[PDB]
Structure formats: C-alpha cells, structure tokens
Amino acid sequence: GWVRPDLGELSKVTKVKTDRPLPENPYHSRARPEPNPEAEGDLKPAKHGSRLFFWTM
Amino acid sequence: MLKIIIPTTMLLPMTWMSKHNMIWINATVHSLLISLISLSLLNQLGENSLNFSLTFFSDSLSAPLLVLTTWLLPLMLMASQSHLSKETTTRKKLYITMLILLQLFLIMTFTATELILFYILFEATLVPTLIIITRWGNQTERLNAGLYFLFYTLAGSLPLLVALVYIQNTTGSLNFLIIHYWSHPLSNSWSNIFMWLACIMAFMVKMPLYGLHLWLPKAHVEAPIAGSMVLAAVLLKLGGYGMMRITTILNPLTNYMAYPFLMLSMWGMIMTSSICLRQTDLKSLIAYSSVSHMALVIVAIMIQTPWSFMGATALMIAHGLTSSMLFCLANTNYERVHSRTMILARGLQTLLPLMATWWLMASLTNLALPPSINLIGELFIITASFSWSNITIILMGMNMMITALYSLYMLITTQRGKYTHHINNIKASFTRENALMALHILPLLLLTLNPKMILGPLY
C-alpha cells in the first residue's frame, strides 16, 4: 500500500510536530557587554571658539 | 592697537602702488604719521596694563619699546635712499616691503596677549631680516653672516617652543595675565631646571651672549644700513622683552640657576668691551659696544629686583637709539671712503664740522654721562647689582672704564687728528644725513626731561 515519491516531495521543506521545547540558547551564549551610552543633547556651540592657543574664535 | 596694526599694514599696498619716484616720500610721511599715532600708548594706568582685547594688550614695558619701533621706521627709510636709488624701482619697492613687514611683526610681537602668540612673530622677524642681510648686503661674508644669524637664534627658539607648549599641556593657557596671577613656585627638580633653560636660552642667545655673541660681528657689520639699525636697536630688545615677560613662571629657579649666566655676562662684557678697545672695523667696534651694554641688560634681569627692571627698560631703549645713531655714523663715512677701516679716514672734524659734532654727543651718550638715560639706565643697574653683591661694583665700574676709553678712542681716531691726505671725495654732509641724525639724538635728549615714561612696568 505504499507509493513511489515523485521528484520534489522528498526535497520539500516540511514542518514536524514535536515535543521538545525550543532551547533557551543553543549556542550557550554568555552575557553581553553593555554598550557604551549614546550621545544625547542639543549640539551646542563650542565654548569660547576653537580654544587652540591664541585663536579667539 | 588695531589703530596701529592696520595702518602699518596699509602702507604695504600703498608703497607697492605709489608712483615711480614718490616711493620714499610717500612712505616716510605716513611712517612718521604712524609713529605719531603710536605715541598714544605712552599713557599707562597705575594698575593693570591697558588690555584692549584678547588679541592684543600693552603694558608700561611694551609701549615705550613699541614707540621706538614706530619712531624707527622713518629712520631706516630716510637712511637708505642714497645707497639704493641706483637700483630698479621694483627692488626698491621690495626693500620697503621687507621693512614694513619687519615693523608689523615687531608691533604684534610686543603687544601679544598670549605667550605662544608672542613666540610666532617674535621668531617670524627672522624672515624679513634674513632677506635684508643676504640680498642687499655689500660684502662677500654676508652670506655666511646670514647663516650665522639665522641658525644661531633658531637653535634656541625651538627648545622654547617645546617648553611653551609643555606649559600649555600642564597649566592651560599661557596668557600673560593668567600666567602672572596663576603662578606656581618652580621646584629644584632636574626637569624644571631643563625647562628653565629652554624658556631662557632662546631669549638670552638673542641679545648678545658671551659665547653666543659671535653672530653680531657677522650680522651687524655685514648688514645693509637700514637693516643694521634693526639688528641692534629693536630685535635685541625682543630677546630682552622676552626675559621680563617669561621670568614670572621660573621664580625661584632663576634665583639659583642664574650664576653661570650672571657670571658669563658680568665677566663677558669686560672682555667684549676690551675687544672694542682693540678693534679695527668701525662697525665692528659699534656692534661689540652694543654687546657690552646688552650684556649689562642680561645681568639686570637675572636678579629680579624692582630697581633692576626699572633701569633695565631705560637702558634698552637708550642703547637702541644710540646704537642706531652710531650705525648712521659708520654709514656717513662708508659712502665717501667706501671702506670700513677706522684709520683710513682720520681727520673729519676739519673737513666736516657739524658731522664731527654729531659724532660728538653721540659718543657722550654712549659714554653714558648724566643725565642722559644711558646713565640713568646703567646707574640703576649698578645699585641693584650692588645690593645683590658688593663685589659687583668692581666688575660693574670696570666696564665704565673700558666704555670710556674706546668710545673716545673711536671719536679721537676718526674725527680728531690730521686729515687723510690722499682722499678727495669727502663732500659736505647731505642735509638728509644731518637731519636724520638730529632726529636720533634730539628725542633722546628730549626723553631726559621725563624718563618717567621710559622707566618701565616696575615704575
């Protein structure tokens, strides 16, 4: 009572109804480093100009 | 200051675009006019210096020196239209271009409100000068003289540059005011000693220095007359002006690490004055004479005494005006005899009566007899040195000996005595020469009435 599978069906991407739950982290990843805080605030003008030696502005 | 800096620049487009023969006349009259404007800075309050802006500020030291520069510019321009009128207009116009630029750097340097700002143009005066000696000089050794002058002052300027930026990285801005108010006692650590040398050797190599004075005979004697005044009248004060400005963050390391420099200057001036007593070239005698007076200034700064600075400023400006006038004296003969040997042209009083007189009070003013501010300059330093050490007067006064012998010896050899038989080129003194020289000595005598202006910041 079987049947020869034609081309394609055996290569079909098929789902499977399982029991085992999704692993929490298969790669066994560790805790991430905290990213450095990003810049915030209105870009105010530079205080007292270039401030490079005697250059006033 | 913008009331002076902008007009000084404005001559440059004017001179470059003036008529063919109006170059000297137009440039001179506005140059005199600018000096009149620069007379405005003589006023100084009993307190903090006149701070016009963050870009520029003038004190009771810069202003007397500033006016000397502005009053000087007519004097080279009026001293140079005789040995250059035979050249083309463009080269003559280029000569004014160097001189005007040379002044502009001096005006900005003496008025710089920032120490590093001082450093750039104070060093940048080399470029206009180096052109003057090398291009328009009138001898072969001028080229080696140019290398001698340029390298000798650059060897000290660079360590100052590293020192100044280091003070920036350790104390913030080097504004003259904030430096004075934010002062830290310098420790006797070895690094501070080397920092002391860097901040001092650049200025001390610049006046003369005994050991570092070898460039003056090369430069001053070989330089063109318009330049030759500047290498002795004002730029020597740049090395001076730096000293009193920089010796406020070095205390008390200057109290101890000054004996080798004080000892070199005190004994050195006796040596170099003795050189004048046995010199052969008229210009070299004058240049070496400038060494002895300038070495006296070097001594004066290194005690850090109110009387010492008080006569230090007076000596510099008094010496600068004189040394220029004596260099005018060398030029006057130089056009006629076409040589610089002293004994070649003896006997000028009989031929040129008034020029002999102009050589007379010029010599007395170099003699530093009272009340001429040369005396008020030296005499103030004597007391400051005497309070520092009583033996100083033995070395102090012995210089007054030599400066007396060679000063008249230059006078007696040239003016007095029998006139040279084989010369027949000496003509009557041009009214340009006599008028120029009167414009030297007369303000110098006029300053004697109130040397309160020239006394300096300590007063």
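Protein chains in written order, with the deposited numbering: chain 1X, 115 to 171; chain 1M, 1 to 459. Where a beta carbon is used, it is the ideal one built from N, C-alpha and C, also for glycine.
- A distance of 7 Å or more separates the beta carbons of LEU445 (chain 1M) and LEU321 (chain 1M).
- Between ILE200 (chain 1M) and the set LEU236 (chain 1M), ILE178 (chain 1M), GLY156 (chain 1M), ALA232 (chain 1M), the nearest pair of CA atoms involves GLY156 (chain 1M).
- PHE430 (chain 1M) is bridged by DSSP to nothing; it lacks a bridge partner.
- At least one CB atom of chain 1X sits nearer than 7 Å to the CB of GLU114 (chain 1M).
- Shown here, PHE56 (chain 1M) sits in a strand according to DSSP, grouped into three states.
- The alpha-carbon separation between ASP59 (chain 1M) and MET453 (chain 1M) amounts to approximately 11 Å.
- The alpha helix (DSSP H) runs lying completely inside the segment 282–323 of chain 1M and spanning 4 residues or more are 282–301, given in chain order.
- Taking a C-beta distance under 7 Å as the contact criterion, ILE412 (chain 1M) and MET361 (chain 1M) do not qualify as a contact pair.
- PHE327 (chain 1M) counts as buried, since at least 16 other C-beta atoms from the protein chains shown sit within 10 angstroms of its C-beta.
- Residue range 373–388 is occupied by the alpha helix (DSSP H) that includes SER385 (chain 1M).
- Contact with chain 1X is absent for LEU106 (chain 1M), since none of that chain's Cβ atoms lies less than 7 Å from the residue's Cβ.
- Residue pairing of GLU114 (chain 1M) in beta bridges, as defined by DSSP: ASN175 (chain 1M).
- By a beta-carbon distance limit of 8 Å, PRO208 (chain 1M) contacts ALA295 (chain 1M). Their separation comes to about 6 Å.
- Shown here for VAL234 (chain 1M): same chain residues with a beta carbon closer than 7 Å to its own, the five before and five after excluded, namely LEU68, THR69, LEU72, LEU106, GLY320 in chain order.
- Relative to the Cα of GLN81 (chain 1M), the nearest Cα in the group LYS283 (chain 1M), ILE376 (chain 1M), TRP136 (chain 1M) belongs to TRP136 (chain 1M).
- Boundaries cannot be given for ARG146 (chain 1X), as no alpha helix (DSSP H) includes it and DSSP labels it neither H nor E.
- Every candidate beta strand (DSSP E) stretch fails here, since none sits fully inside the segment 11–64 of chain 1M while reaching 3 residues.
- Shortest Cα-Cα distance from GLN103 (chain 1M) to any of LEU177 (chain 1M), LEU84 (chain 1M), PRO353 (chain 1M), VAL230 (chain 1M) involves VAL230 (chain 1M).
- Within chain 1X, the C-beta atoms nearer than 8 Å to that of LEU117 (chain 1M) come from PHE167, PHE168, in chain order.
- By the Cβ neighbour-count rule, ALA312 (chain 1M) is buried, with 16 or more other Cβ atoms within 10 Å of its own.
- For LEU238 (chain 1M), there are no C-beta contacts with chain 1X under 9 Å, since the nearest C-beta of that chain is about 18 Å from it.
- Around the beta-carbon of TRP169 (chain 1X), fewer than 16 other beta-carbon atoms lie within 10 Å, marking it exposed.
- Collapsing the DSSP output to three states places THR341 (chain 1M) in a strand.
- Judged by beta-carbon spacing, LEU99 (chain 1M) lies beyond the 7 Å limit of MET78 (chain 1M), meaning their Cβ atoms are not closer than that value.
- With respect to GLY227 (chain 1M), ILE96 (chain 1M) sits apart: the two C-beta atoms are not nearer than 7 Å.
- Under a criterion of Cβ atoms nearer than 7 Å, the residues of chain 1X adjacent to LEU54 (chain 1M) are, in order, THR170.
- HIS293 (chain 1M) counts as buried, since no fewer than 16 other beta carbons sit within 10 angstroms of its beta carbon.
- In terms of Cα proximity to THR153 (chain 1M), the closest of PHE122 (chain 1M), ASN169 (chain 1M), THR350 (chain 1M), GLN139 (chain 1M) is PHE122 (chain 1M).
- Between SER284 (chain 1M) and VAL337 (chain 1M), the C-beta gap is not smaller than 7 Å, which leaves the two residues out of contact.
- In this structure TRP190 (chain 1M) is exposed. Its beta-carbon is surrounded by fewer than 16 other beta-carbon atoms within 10 angstroms.
- A check of alpha carbon separations from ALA356 (chain 1M) across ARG416 (chain 1M), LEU458 (chain 1M), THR431 (chain 1M) identifies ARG416 (chain 1M) as the nearest.
- In the structure shown, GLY227 (chain 1M) falls within a helical segment according to DSSP collapsed to helix, strand and coil.
- If you draw a 10 Å sphere on the C-beta of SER289 (chain 1M), you find 16 or more other C-beta atoms in it, and that means buried.
- Counting every other CB atom within 10 Å of its CB across the protein chains shown gives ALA330 (chain 1M) a total of 16 or more, marking it as buried.
- Here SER324 (chain 1M) has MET229, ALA233 as same chain residues with Cβ atoms under 6 Å from its own Cβ, once five neighbours each way along the sequence are excluded.
- The beta carbons of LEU367 (chain 1M) and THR403 (chain 1M) sit about 7 Å from each other, so the pair counts as a contact at 8 Å.
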